[PDB]
Amino acid sequence: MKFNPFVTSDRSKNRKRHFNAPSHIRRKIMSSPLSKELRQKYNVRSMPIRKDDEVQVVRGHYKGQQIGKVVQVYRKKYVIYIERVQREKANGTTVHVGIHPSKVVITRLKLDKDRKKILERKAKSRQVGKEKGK
Amino acid sequence: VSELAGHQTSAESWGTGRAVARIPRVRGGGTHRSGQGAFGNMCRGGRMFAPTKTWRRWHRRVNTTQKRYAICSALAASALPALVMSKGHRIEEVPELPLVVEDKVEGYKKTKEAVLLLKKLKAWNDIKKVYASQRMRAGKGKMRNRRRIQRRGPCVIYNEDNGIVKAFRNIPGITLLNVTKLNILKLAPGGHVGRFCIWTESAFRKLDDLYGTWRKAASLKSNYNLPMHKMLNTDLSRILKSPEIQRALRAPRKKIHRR
Amino acid sequence: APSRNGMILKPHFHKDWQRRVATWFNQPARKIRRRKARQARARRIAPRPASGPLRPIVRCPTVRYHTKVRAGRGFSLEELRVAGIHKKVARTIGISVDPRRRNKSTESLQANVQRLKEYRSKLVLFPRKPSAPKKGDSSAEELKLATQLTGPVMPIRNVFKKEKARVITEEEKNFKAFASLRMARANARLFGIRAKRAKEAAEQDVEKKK
RNA sequence: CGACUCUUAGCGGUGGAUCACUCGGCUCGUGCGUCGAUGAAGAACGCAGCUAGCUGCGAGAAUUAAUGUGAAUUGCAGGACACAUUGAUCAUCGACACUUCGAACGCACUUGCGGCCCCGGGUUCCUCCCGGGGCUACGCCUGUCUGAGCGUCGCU
RNA sequence: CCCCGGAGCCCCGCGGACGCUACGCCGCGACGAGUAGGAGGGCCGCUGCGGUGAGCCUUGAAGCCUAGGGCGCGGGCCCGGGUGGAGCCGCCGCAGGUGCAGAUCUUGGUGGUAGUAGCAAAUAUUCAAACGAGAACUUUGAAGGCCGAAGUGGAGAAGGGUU
RNA sequence: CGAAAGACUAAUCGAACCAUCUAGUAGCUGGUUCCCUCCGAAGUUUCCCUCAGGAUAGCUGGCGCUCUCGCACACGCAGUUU
RNA sequence: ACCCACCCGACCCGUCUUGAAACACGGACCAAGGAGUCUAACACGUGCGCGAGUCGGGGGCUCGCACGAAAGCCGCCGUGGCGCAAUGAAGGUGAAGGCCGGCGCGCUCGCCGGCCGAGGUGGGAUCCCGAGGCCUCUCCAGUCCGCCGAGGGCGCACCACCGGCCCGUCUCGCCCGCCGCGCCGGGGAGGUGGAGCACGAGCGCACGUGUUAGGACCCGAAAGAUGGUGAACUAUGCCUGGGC
RNA sequence: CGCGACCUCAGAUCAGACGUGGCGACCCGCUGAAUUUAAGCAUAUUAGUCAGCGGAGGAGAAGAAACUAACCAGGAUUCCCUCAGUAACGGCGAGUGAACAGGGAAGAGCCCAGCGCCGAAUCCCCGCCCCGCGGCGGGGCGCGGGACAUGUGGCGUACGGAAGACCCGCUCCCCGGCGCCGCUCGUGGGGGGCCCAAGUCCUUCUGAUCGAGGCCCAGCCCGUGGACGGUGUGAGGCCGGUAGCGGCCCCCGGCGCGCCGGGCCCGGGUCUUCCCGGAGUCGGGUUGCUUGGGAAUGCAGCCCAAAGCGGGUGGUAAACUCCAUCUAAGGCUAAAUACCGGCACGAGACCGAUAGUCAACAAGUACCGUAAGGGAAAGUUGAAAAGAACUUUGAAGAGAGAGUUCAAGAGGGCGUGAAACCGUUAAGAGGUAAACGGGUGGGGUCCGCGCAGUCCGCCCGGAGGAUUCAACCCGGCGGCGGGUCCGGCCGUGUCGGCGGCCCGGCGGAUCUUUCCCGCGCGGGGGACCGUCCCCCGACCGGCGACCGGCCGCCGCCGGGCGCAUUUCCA
Ligand SMILES: [Mg+2]
Ligand SMILES: [Mg+2]
Ligand SMILES: [Mg+2]
Ligand SMILES: [Mg+2]
Ligand SMILES: [Mg+2]
Ligand SMILES: [Mg+2]
Ligand SMILES: [Mg+2]
Ligand SMILES: [Mg+2]
Ligand SMILES: [Mg+2]
Ligand SMILES: [Mg+2]
Ligand SMILES: [Mg+2]
Ligand SMILES: [Mg+2]
Ligand SMILES: [Mg+2]
Ligand SMILES: [Mg+2]
Ligand SMILES: [Mg+2]
Ligand SMILES: [Mg+2]
Ligand SMILES: [Mg+2]
Ligand SMILES: [Mg+2]
Ligand SMILES: [Mg+2]
Ligand SMILES: [Mg+2]
Ligand SMILES: [Mg+2]
Ligand SMILES: [Mg+2]
Ligand SMILES: [Mg+2]
Ligand SMILES: [Mg+2]
Ligand SMILES: [Mg+2]
Ligand SMILES: [Mg+2]
Ligand SMILES: [Mg+2]
Ligand SMILES: [Mg+2]
Ligand SMILES: [Mg+2]
Ligand SMILES: [Mg+2]
Ligand SMILES: [Mg+2]
Ligand SMILES: [Mg+2]
Ligand SMILES: [Mg+2]
Ligand SMILES: [Mg+2]
Ligand SMILES: [Mg+2]
Ligand SMILES: [Mg+2]
Ligand SMILES: [Mg+2]
Ligand SMILES: [Mg+2]
Ligand SMILES: [Mg+2]
Ligand SMILES: [Mg+2]
Ligand SMILES: [Mg+2]
Ligand SMILES: [Mg+2]
Ligand SMILES: [Mg+2]
Ligand SMILES: [Mg+2]
Ligand SMILES: [Mg+2]
Ligand SMILES: [Mg+2]
Ligand SMILES: [Mg+2]
Ligand SMILES: [Mg+2]
Ligand SMILES: [Mg+2]
Ligand SMILES: [Mg+2]
Ligand SMILES: [Mg+2]
């Protein structure tokens, strides 16, 4: 259960805070888990996805083992566009079919200084939590 | 329902002399709601018959002796495994139904150790039944923060808080009750009196310091003795097959004399 | 229309009472708020008693009750003068002081003075500075207590004295109670009329001499 | 066999009832309990590359700066940034800014007519004209200045 | 002059249902109208809640249709087929905004009337050509007309606000 | 306000329109939503500014109690007769 | 169960009414909504707990409230409500006699020591004693399983009556006591009024019905009051123009 | 013929400040009806109510007695319960209707004028130096101004006060600046930001699992985390979060310590002498409103108009006489209290698009009225627009193909798509309007059989087969019933040790202060009574509250049991 009386835990209110969330909260909602090699290397469970991360599609009709780069992260519909995850229209043009990032695993990150300090902060928090649980 | 609901309109009724029938209708306007109808339970919009009030007698207070009597009956039917199986608790490997465990049960701080204790006490089939009975609620309660339902499991009675409340906390079905703070709504949920209960040693010894025997006072309460039976020997089969009654009974008349 | 043997009732529901219904759904939250304010006050005054200052021995007026002993508004100034405590020092000590109370008796005065002496005996007065000045208490009787007193300080127990069964004499057996009560009623009724008769009889005795 | 009329069933139309969903109400409870001449509430008018309404904003006009966060916005174009750089977007917002009416303040309410100083064009203060900047509401409080009185007095 | 772990019987005083949800089962006798009204039983129906069914469900929930099989005196209910796509029901108890045929009832929709009444105030239109897929109404040419300078003309005010 | 008609006062005038009290009151009309079973009426007495209505008796339903027993063995009661 | 055919019956539902198929009223059809609810005071009946007691109101102590604004507890466990005592306008008063013996003239009255201890009659469900009868494979004796028990009782509840007691009021008369001897206080007998006593029965919660006050089953007026908006129409006066 | 002071009154775009107005749920001061009821109505009632006007605050108001009471007297105000639907008011009709006391929540006390004593010892503004100067504060330097004797400041206010006399033990409060250590209970004060566990494992349906099965213990792990939401379905482990006395980085606040500049030489008791009280105010008459207040409860208007052992009150008007209780006509003050407005939140036995707010949606919007005002209707494609490319008829709207999707039998007002109504097809019928009830008959759409359905369930006889075992013994295990109650625990009714009573707590309206402690009281002791327990022995019910042996019986497992027994197919 929840014991904090400030946490919402309401049906319509949580749906409101989900579907009317601003962009910096949508970035945290649209986070995806990492592969087992990346989890062993960084001790990081999940990360928000970026413009040019490498992605395997886990569930859906477009399920496969192909590592596809993200085309772009569209945070209004809570979706991402990947390179080879596309589909031909009636007029022959290909449109990228969006996949929700919960059905998305990261195989390679695009590392900059902000992502390095985020992963170091999360690894430090995991180390403090493991020391408190030990 | 709010007092302003239905009477925010200013609808004076068209009287006699027109084809309308004596309904308070909206005065003037070039609107869809213009001479339409309000101020009645039969009208679209408007207010209903008997607006529900906040000053309804919502709450009920019971006599203290009746509450103590019902909670003593609930504690008495927490025994008697024919009343526990008819409640619906899987019991088939429970070694003794007044299940009294050590005082080291409050010393646990891990749900893994609590699950292991329930498995060694062989009461884990009730929690397994709760996992099997986790399904969706029927009706309009899903949009009213009442989405999921499950059964009630082994009610655990603890004396002191040393981690037992933190331990039997995410295991679905277990309700924790303090010894001096026993709840009728958790000892007999839904009005049905039987309930599978797991006691501790310092709870099973403190029940005698709560309610006593018939020849001793409550000793923690001010003025409360145990109630008396209306009849003591309820085995009326044994009573009627005893020779002291059948010596005085006569011969029956069971020859079916039909027409 | 009343019919077939009911009470002749008078309900007071002829005003606009539904606008003025005072629903009491606030009151368990109000008990929680009073509990939180009381605990915050008890944490504020940390060595002091949580209930408050000492209340005197006070007997009920209005001969209905006439035997119960209550807690008072404060100790009176004659009680403080006999106990030897100044009225502006007693408020700083923690003794309730009100200047309105009379003191017509002697036994209630002496009882409140004995309560003030017992309270001054059992009170531990902490010094202001860590460098202890005069009229203070020892560091042993600084370390030996750090807790409050849950409840009213020196609670007033309405206790009755235990009597001994007597060996009744013929004098008390020959006393008549109802006749004495009726004679007291008659004397209280006719005390002034007989005084008027004695006055006019003395006036006639003076007029006989004159 | 006809045409037409009635009933039933299959299918197709008018219609939106039932059912299931709900970023919405209603009620109860808790914490705070804060507007304004340093210009409130409200109203009018404008502001987007393509913009009608809602929402947001004020000629700095779909927002400015700072901080937090960290790769977008999006319906389509476009251009910035190298996201190895105070750095796109969002939130906080404590700095800046906030047209006109409005208690509404120069007088009235047509956006009409003014008065007093200063500056820039006109000019080299010498008066017009134009633009910009600061004042000009009522009642009242302390003090200052100017006063009035065949109101009360000293010298002549 | 014996026991019924068995005299063997229309009765077994030896334990004693197939018949026993004892709030159950069974056996006789009489009776059965009904408004206003009163009482009782609903394993009749709707909604939500506490328990309960190791309940049902994308290998198809609710809802809807049915020229199918039925049950109950009845309220209604259980299946069979089709549509549907996501929740639903039985039992023990609790609660209510709980059952419609009417109220010149409220809202919404649709019929007969009915392809009917009507498109009749101020005299009037006709021929040829252009455009177009399409001409009685548009345009152009010609003819005949009307308003007849207190006009069916040319311009303002109030009002409308882009017409 | 009316050279006067109770005329006009925004299609409203023998007292305009809008909002509130207000869901004003009505002994007066209309309507009042599932099944089965059992019992089942009155338009009469008296009073009331009572005559379209109430109260009170009467008629009615439900809840019961106190007793008797076709198990070898009945006190009382009638829209009845003598 | 869908349609058709035949024979007999068969006027369109609701309502006001003595009487409706009515030339009485509402009504084209269909879907949805739609009308006896909630609080308080009572009254009666029922379910439960305790019992001359009952109830915790309100408040306080425990858990930080998921479940909770739940539950548990209280030298507050009784401050207080109701009941346990009523009757008078009120000052006030306020519910027990009987049997035995003694002292005054037993004077149907006053005063002292023991007992029964809440009266009596009738009708009274149940219970006790219960003579005797019924037997067994045979006659007597005979503890026992029994059933029916003629007759007599203590008599539950309840009803009728006669008594007795308390308070208010009326009549006739006497007696007793003192810190203050009085316009003192108390007592007897007999009428009568009371919602009284006569070895308790109430309290608290819940359910059903009925009567109310509240919007009060739902829809409905002609009205009244308060505060505002209109002389763009029209009524009239004025100012400034126009026309015949 | 003027000047200088004071007093009254002006003018300023004078220097510096305040108020205007809005919201108005709660609060205060007024004003203030009528519906309604009384079965009419007129007092009454609705009702100090709706409407109207002004005023603030986070609460407001009230508030420390010109009090309640009549008692062994209580002691500010506010709020809850009770008093109590009572006392009382009322065409004494309908109806209205408090208060004291008591139990609680909270609890906080005070300042003036006057009386007086201190050399105005007091206060406001401007110039300069020092401190931070973003709720302009402190010290000093100014024959720098002003207010003020028509009275500022200190002592001092009804609880008495002041000045002397001279007993007592003696020395800590506040203001303006600066720096420093403890993160400062909801278990880190408040605010903000970023984070913190475990399966997308294998197989398998689906369009897609979040479905189902399994995973060396119900399943693999985490659980101080199995609330919720999203993700193509029902997700503890996919993600955000969730729990936590978990972490990390800034801002603000109250606390303690140290330093400087400052202000203050501020007490208690006895005795001597003085002082001490708010005027058009109380009160009286009259009038109106109000109240439960009734020979006038409160408030106002007029008239009269005070006194000081006085005055007010003591619920019936008045006179006389003893009492009892307060000190009016000046003022301040948190807490317990109320909140349908606003900001931030949480919860629901509430409603689910004719419901719930008028408003789930571009809602006080479109629209109507000159205006005050009135005031709607309107949710759903799909998982994702993948929203139908292209060919062909038509000018096009419209179609026919083709395509997408599991599905358009979901095609931009599109989730399911009822009834009324309409069209078409099939069937039946038709001149007493249609329709209905009872009884049948005929024709249809479907259901249940059936190339005979005679359905079997037991027992017995016969001819075909057959694996084992029952009958009977041996060994082991489990169960039922029970005797002299066999031995022990356990268990109730009585008796015995009154033994636990001090190697047991509680309660008492039974005594003792032969006792102790804190000062005639309270607690702890000491006896007494009541309530709950220890050891063996007997009897009655060994009582379903348990065992270990013994006997009778039953069931299960492994052998000896070879075939007239035993059981299965036809
Ligand atoms: Mg509504
Ligand atoms: Mg449903
Ligand atoms: Mg207190
Ligand atoms: Mg409801
Ligand atoms: Mg209908
Ligand atoms: Mg025609
Ligand atoms: Mg025409
Ligand atoms: Mg023109
Ligand atoms: Mg006339
Ligand atoms: Mg019948
Ligand atoms: Mg009538
Ligand atoms: Mg009639
Ligand atoms: Mg009739
Ligand atoms: Mg008639
Ligand atoms: Mg009829
Ligand atoms: Mg006729
Ligand atoms: Mg009629
Ligand atoms: Mg009609
Ligand atoms: Mg309906
Ligand atoms: Mg009644
Ligand atoms: Mg009852
Ligand atoms: Mg009472
Ligand atoms: Mg009504
Ligand atoms: Mg009613
Ligand atoms: Mg009306
Ligand atoms: Mg009138
Ligand atoms: Mg104001
Ligand atoms: Mg009336
Ligand atoms: Mg009337
Ligand atoms: Mg008002
Ligand atoms: Mg105040
Ligand atoms: Mg005062
Ligand atoms: Mg008081
Ligand atoms: Mg009143
Ligand atoms: Mg002075
Ligand atoms: Mg989900
Ligand atoms: Mg989930
Ligand atoms: Mg996670
Ligand atoms: Mg009045
Ligand atoms: Mg007097
Ligand atoms: Mg008097
Ligand atoms: Mg809708
Ligand atoms: Mg709908
Ligand atoms: Mg709506
Ligand atoms: Mg709709
Ligand atoms: Mg739809
Ligand atoms: Mg489909
Ligand atoms: Mg579809
Ligand atoms: Mg949908
Ligand atoms: Mg869907
Ligand atoms: Mg559709």
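Structure determination for this PDB entry is given in the record as cryo-EM, at a resolution of 3.1 Å.

Another aspect to go through is the interface of chain B and chain C. In this complex, chain B contributes four residues to the contact, which on the side of chain C involves five residues. Of all residues in chain B, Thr54(B), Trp55(B) and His59(B) give up the largest surface area on contact with chain C, accounting jointly for 85% of the area buried on that side. The tally of links between chain B and chain C comes to zero salt bridges. Taken together, the connections running from chain B to chain C amount to zero residue pairs in polar contact. Classifying every residue of the side of chain B that touches chain C by side-chain character gives two nonpolar, two polar and no charged.

Backbone hydrogen bonds are what pair the strands of a sheet, in a parallel or an antiparallel way. Residues and elements named next belong to chain B. Ordered by their spatial adjacency, four strands build an open sheet running β1-β6-β4-β5, and the pairing between neighbours is parallel. Edge strands, defined here as strands with exactly one partner in the open sheet, are β1 (99-101) and β5 (176-178). Direction aside, neighbouring strands of the sheet carry axes that sit 30° apart on average. Bridge count for strand β4 (residues 155-158) against β5 is three bridges, and the pairing is parallel. Each residue of the ladder has a partner; that of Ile157, found in β5, is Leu177.

With five residues of chain B at the interface, the matching set in chain A holds five residues. Each partner contributes to the roughly 370 Å² buried at the junction of chain B and chain A, and carbon and sulfur atoms together form 32% of this total. Our enumeration of links across chain B and chain A arrives at three residue pairs in polar contact. Its residues assigned to classes, the side of chain B that touches chain A shows no nonpolar, two polar and three charged.

Let's shift gears to the sheet that holds strand β4 (residues 68-74) of chain A. Residue and element names in this part refer to chain A. With antiparallel pairing, four strands are arranged side by side in an open sheet as β5-β4-β3-β8. Of all the strands in the sheet, just β5 (79-82) and β8 (104-108) have a single pairing partner and so form its edges. Sheet twist, expressed as the mean angle between neighbouring strand axes with direction ignored, is 55°. Here strand β3 (residues 54-57) pairs with β4 via two bridges, running antiparallel. Within the sheet, the bridge partner assigned to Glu54 lies in β4 and is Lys69.

A few words now on the protein's contact with RNA strand D. Around RNA strand D there are 32 residues in total, and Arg11(A), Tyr74(A), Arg75(A), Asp114(A) and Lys142(B) lie nearest to it. Near the protein, within 4 Å, the atoms of RNA strand D are sugar or phosphate in 80% of cases. Take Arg15(A): an N or O atom from its side chain is 2.8 Å from a phosphate oxygen of RNA strand D. A distance of 2.6 Å separates a sugar or linking oxygen of RNA strand D from a polar atom in the side chain of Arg75(A). Residue assignment for the surface near RNA strand D shows that the elements contributing at least two residues are α1 (11-19), α2 (23-29), β4 and α4 (113-133) of chain A together with α1 (27-44) of chain C. Take the surface near RNA strand D: its biggest share by element is five residues, from α1(A).

Attention now moves to a positive patch on the surface. Residue and element names in this part refer to chain C. Taken together, the side chains of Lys31, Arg33, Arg34, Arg35, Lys36 and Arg38 make up a positively charged region of the molecular surface. Within the element layout of this structure, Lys36 appears in helix α1. On the basis of relative accessibility, which here comes to 57%, the residue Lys36 falls in the exposed class.

Here we take up the protein's contact with RNA strand E. Residues and elements named next belong to chain B. Contacts to RNA strand E come from 38 residues, most closely from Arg25, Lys129, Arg135, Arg137 and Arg258. Across the atoms of RNA strand E situated within 4 Å of the protein, the share located in sugar and phosphate is 62%. One of the side-chain nitrogen or oxygen atoms of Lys129 is found 2.7 Å away from a phosphate oxygen of RNA strand E. For RNA strand E, a phosphate oxygen lies 2.8 Å from a polar atom in the backbone of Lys140.

This part covers a nonpolar patch on the surface. All names here are of chain B. On the surface, a nonpolar cluster with roughly 360 Å² of combined accessible area is contributed by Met231, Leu236, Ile239 and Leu240. Locating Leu240 in the fold gives a position in helix α9 (residues 236-241). The partly exposed category is assigned to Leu240, whose relative accessible area is 47%.

Turning next to the packing of helix α7 (residues 177-189) of chain C against helix α8 (residues 191-209) of chain C. All names here are of chain C. The N-to-C vectors of α7 and α8 enclose an angle of 55°; their axes lie 4 Å apart at closest approach. The angle between α7 and α8 places the two elements in the oblique class. Note on element contacts: α8 touches α7 through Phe191, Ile193 and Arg194, opposite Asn187, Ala188 and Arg189. Residue composition of the contact of α7 with α8, by class: three nonpolar, one polar and two charged.

How each quantity is defined
- Residues numbered from 1 in each chain as written, not as in the entry; some residues may be left out.
- Chains lettered and ligands numbered in written order.
- Part of a larger assembly, values for the part shown.
- Heavy atoms only, no water.
- Contact = heavy atoms within 4.5 Å.
- Buried area = accessible area lost by both parts, 1.4 Å probe.
- Salt bridge = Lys/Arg side-chain N within 4 Å of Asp/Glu carboxyl O.
- Polar contact = N/O pair within 3.5 Å; in protein donor to acceptor, adjacent residues only side chain to side chain.
- Nonpolar A, V, L, I, M, F, W, Y, C, P; charged D, E, K, R; others polar.
- Pairing = 2+ DSSP bridges.
- Helix = DSSP H or I, 4+ residues; strand = E, 2+ residues; numbered from the N terminus.
- Axes fitted to C-alpha atoms, helices over the stretch in contact; angles between N-to-C directions.
- Near = heavy atom within 4 Å.
- Patch = residues over 30% accessible without salt bridge, like charges linked within 9 Å, V, L, I, M, F, W, Y side chains within 5 Å.
- Areas by Shrake-Rupley, 256 points an atom, 1.4 Å probe, with all protein chains shown as cover.
- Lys, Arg positive; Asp, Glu negative; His and termini not counted.
- Charge placed at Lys NZ, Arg CZ, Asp CG, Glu CD.
- Buried < 20%, exposed > 50% of the residue type's maximum accessible area, 1.4 Å probe, protein only.
- Parallel < 35°, antiparallel > 145°, perpendicular 65-115°, else oblique.

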